[PDB]
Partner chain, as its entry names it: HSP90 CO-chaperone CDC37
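Here you get one chain, nothing else, as structure tokens; it is the form deposited without the partner chain.
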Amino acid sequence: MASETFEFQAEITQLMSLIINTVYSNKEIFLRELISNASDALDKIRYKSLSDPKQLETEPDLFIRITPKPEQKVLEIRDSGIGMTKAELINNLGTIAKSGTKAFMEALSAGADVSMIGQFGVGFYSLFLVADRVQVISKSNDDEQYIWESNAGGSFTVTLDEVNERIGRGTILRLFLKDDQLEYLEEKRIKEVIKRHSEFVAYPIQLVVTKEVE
């Protein structure tokens, strides 16, 4: 299955570079930002379903789920929200939906905390604090399942998904963690971070843990 390549809007490329290189101290803020986006995407399918209830049937359970995959050094953040079509992935994540972007970079230069990133509406990119690569796997009721992929470079790919588990509906952020950021694979560390900055999340936050039976 053939990938398509797209160019990032230039300011997004600049932002990713700022973020993936920054020695900023509180890298854990990425999880709050991603849970927040997850929650918003869920709000959206729930709101849409007020007038179109069958939109829920592709996945009636509304949840946020976090899945460490230690062997692959991967952390997945999944939700059963509204999801994104191919065109939404291209539009929302790369070729446009910007500044926010420029204004946040200006705030940064002036001394603003990276944690403000979500107030500028670009909190997604905070994932580069702990990951050097990301796959966004998404299924909207309106399209097939697709994979958007970026390594913080100036270009991203979008590929029809024939390799991942089917999601009924929603989105998975598959983070390929940096070698020094593997603590976010750890149950206790993950739990600690979640409890700290996400008390008023209306959806279940599920942690998937692998335990050896003895």
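If you superpose the two forms and keep the largest set of C-alpha atoms that fall within 1.5 Å, you have the rigid core. Numbering follows the first chain given and starts at 1. Only residues modelled in both forms are compared.
The same protein has a further form, the form deposited with the partner chain bound, not shown here; the description that follows concerns it.
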* Would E106 count as a contact of the partner chain in the deposited complex, using a 4.5 angstroms cut-off between non-hydrogen atoms? -> yes
* Asked: With the partner left out of view, is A112 within 4.5 angstroms of the partner chain in the deposited complex by any non-hydrogen atom?
  -> yes
* Can you check whether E28 is within 4.5 Å of the partner chain in the deposited complex, heavy atom basis? -> no
* Is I96 close to the partner chain in the deposited complex, meaning a heavy atom pair under 4.5 Å apart or at it? -> no
* Asked: With the partner chain left out of view, which of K102, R133, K86, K73 would have a heavy atom within 4.5 Å of it in the deposited complex?
  -> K102
* **Stretch 32 to 63 - residues with a heavy atom within 4.5 Å of the partner chain in the deposited complex** => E33, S36, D40
* Asked: After the core is superposed, which of these residues, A97, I90, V114, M105, moves its CA 2 Å or more between this form and the one not shown?
  -> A97
* Asked: Okay, core lined up, where does the chain shift between this form and the one not shown, counting runs of 3 or more residues with each Cα at least 2 Å away?
  -> 95 to 97, 109 to 111
